[PDB]
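# Observations on the model geometry
Chain by chain, the residues run as shown.
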Amino acid sequence: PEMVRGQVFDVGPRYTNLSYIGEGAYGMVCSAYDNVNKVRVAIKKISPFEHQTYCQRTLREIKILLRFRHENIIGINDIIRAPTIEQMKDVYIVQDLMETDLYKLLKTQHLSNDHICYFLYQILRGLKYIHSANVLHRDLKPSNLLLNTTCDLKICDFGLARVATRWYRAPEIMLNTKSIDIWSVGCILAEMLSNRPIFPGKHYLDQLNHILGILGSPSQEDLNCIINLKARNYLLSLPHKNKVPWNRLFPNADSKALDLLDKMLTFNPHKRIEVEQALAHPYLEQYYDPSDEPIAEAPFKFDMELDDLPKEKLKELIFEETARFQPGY
Ligand SMILES: O=c1cc(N2CCc3n[nH]c(-c4ccncc4)c3C2)ccn1Cc1ccccc1
Ligand code: NI
């Protein structure tokens, strides 16, 4: 078995010629050659069994990604884990290999207005499907937006996905709602326009300050909803902040792109634009095609209350969910 950065990757004999992609808290992504399909694939190693929260994420992503089928959403082609539950410490999720991600692309490339428009369309087409299944992604960021050589976009990382970095987090998450994904897509749109994050806060306080520095001081109506007391008081203790017009921050940006940006980056989630209205925005006219925008057959529903389940039980559910990919099923 191969070793990638002192981490073992037990995916052989089928998957070999491993190469590092990235890593998180309890997982590592590599690329490898599939000796059956004769292509390179992406493999995601997960070690979640010590924590209940990590077990919940793993099971949700596996369940959601195996039911969904849409061009702009990553699937699961294969899953590797030990023959027995006692020996299963890791789960390897095999997925389509893409050329890069938006995080990497925005670090080296300046995007044309037509490419910002096209990438934005595919995010919203993907999210149109997700939201139609009554699911929120809850963690849309440039690293979760995969791109291939022909500019096809796929949304990955459904660990935080639920049935309806802090830089892409909606203010209502920071002040205690498919609207949270729209906020993230708004942040991503702004980063595509300038190659830098619009709200790069070092901490939540710095995050809220970055937000108010552009949007201006929140209105009474915006501070009317259920809000955390510490957060509400903090905002009430701040000196007035003026709203910075969108053309001052993005002088070169397409005004239609700035109209949609404004509607997505709305403090009040109840006043924020929805996915379908965003797809119909004049800015996405050249790509908008409701004939070619699939929705889910029925809303996604989990059979069990996963949050209440002990980590040992979640492991069993994971073992059963992953059984269909084992030889002799
Ligand atoms: O869940 C996923 C799946 C991911 N990928 C799998 C599919 C794919 N195809 N092409 C690529 C790619 C190709 C070239 N450059 C970058 C990416 C991926 C990346 C990536 C991130 N995360 C979040 C994560 C990672 C580790 C632990 C926990 C969470
Ligand atoms: Ni292209």
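Reading guide: rules and limits
For every chain, the first residue of the written sequence is numbered 1, i.e. counting runs from 1 onward, and this need not coincide with the entry's numbering; residues without coordinates are not included. Numbering of ligands from 1 and lettering of chains from A proceed in the order in which they are written. No hydrogens and no water enter the side-chain calculation; it runs on all heavy atoms of the structure. Under the scheme used here, helices are H or I runs from DSSP no shorter than 4 residues and strands are E runs no shorter than 2 residues, and both carry numbers assigned from the N terminus. Only protein chains enter the calculation, and the probe is 1.4 Å; a residue is then buried if its accessible area is under 20% of its type maximum, exposed if over 50%, and partly exposed in between. Accessible areas in this description were obtained via Shrake-Rupley with a 1.4 Å probe; residue shielding takes into account the shown protein chains only. Only buried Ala, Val, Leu, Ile, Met, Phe, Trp, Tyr and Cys residues count toward a nonpolar core, and they belong to the same one when joined by side-chain atoms within 4.5 Å. Domain limits in this description derive from either an automatic procedure or a database domain assignment. It only takes one pair of heavy atoms within 4.5 Å for two residues to be counted as in contact. UniProt positions are given in the numbering used here, feature names are shortened, and annotations may be inferred rather than shown by experiment. Note that water is not among the atoms used; donors are N, O and S atoms within 2.8 Å of the metal (3.2 Å for Na, K and Ca), so sites may look incomplete. Any two strands with at least two DSSP-identified bridges between them are counted as paired. Here, the term disulfide refers to a pair of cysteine sulfur atoms separated by no more than 2.5 Å.

- Header annotation of the entry names X-ray crystallography as the structure determination method and lists the resolution as 2.40 Å.

### Description of the overall build of the protein chain
- A count of helices and strands for the protein chain gives 11 helices and 12 strands.
- Across its three principal directions, the C-alpha atoms of the protein chain cover 65 × 45 × 40 Å.
- Counting over 329 residues, the protein chain shows a buried share of 49%.
- Summing over all exposed atoms, the protein chain offers an accessible surface of approximately 16,700 Å²; the carbon and sulfur share of this is 49%.

### With respect to the nonpolar core
- Counting residues in hydrophobic clusters, the biggest one holds 94 residues, and the most contacted among them are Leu 102, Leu 120, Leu 124, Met 192 and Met 264.
- Viewed by domain, this core spans two of them, domain 1 (1–97 + 308–329) and domain 2 (98–307), each represented by three or more residues.
- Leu 102 has contacts with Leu 111, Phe 119, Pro 142, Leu 145, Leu 147, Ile 188 and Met 192, leaving out every residue within four places of it along the chain.
- Counting residues in hydrophobic clusters, the runner-up holds 13 residues, among them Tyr 15, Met 28, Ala 32 and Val 94.

### Here's the deal with the UniProt feature "DNA-binding region" in the protein chain
- Using the residue numbers shown here, the UniProt feature "DNA-binding region" corresponds to residues 230–248.
- The span residues 230–248 shows a helical share of 58% and a strand share of 0%, and its end C-alpha atoms are spaced 32 Å apart.

### As for the coordination of the nickel ion (ligand 2)
- Only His 115 (NE2) and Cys 151 (SG) from the protein reach the nickel ion (ligand 2) as donors, at distances of 2.2 Å. Taken together, the positions of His 115 in helix α3 (residues 113–132) and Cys 151 in the loop between β10 (145–147) and β11 (153–155) put the pair 36 residues apart, joining distant regions of the chain.
- Under the relative-accessibility criterion, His 115 is labelled partly exposed at 32%.

### Side note on the pairing of strand β4 (residues 27–34)
- Sheet topology places strand β3 (residues 15–23) next to β4; six bridges connect them, and they run antiparallel. Note on β4: the bridge partner recorded for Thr 16 is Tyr 33.
- The turn linking β3 back onto β4 is made up of three residues.
- Where β4 meets strand β5 (residues 39–46), eight bridges bridge the pair, whose relative direction is antiparallel. Bridged to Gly 27 within β5 is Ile 46.
- The turn joining β4 and β5, which pair antiparallel and follow one another in sequence, is formed by four residues; a positive phi near 60° is taken by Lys 38.

### Digging into unusual backbone geometry
- Residue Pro 13 is reached from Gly 12 by a cis peptide bond, and omega for that bond is 0°.
- Along the chain, the position of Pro 13 falls in the loop between β2 (7–9) and β3.
- Phi at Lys 38 takes a positive value of approximately 60°, unusual for a residue other than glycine.
- On the accessibility criterion, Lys 38 (57% relative accessible area) is exposed.
- A positive phi angle is found at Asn 176, which is not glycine, with a value near 50°.
- For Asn 176, the location among the structural elements is in the loop between α4 (171–174) and α5 (179–194).

### A few points about the state of the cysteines
- Inspection of the entire model under this criterion finds zero disulfides.
- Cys 30 forms no disulfide, and the closest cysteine sulfur to it belongs to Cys 156, at a distance of 15 Å.
- On the basis of relative accessibility, which here comes to 1%, the residue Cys 30 falls in the buried class.
- Its sulfur unpaired, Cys 225 is 19 Å from the next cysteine sulfur, which belongs to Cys 187.

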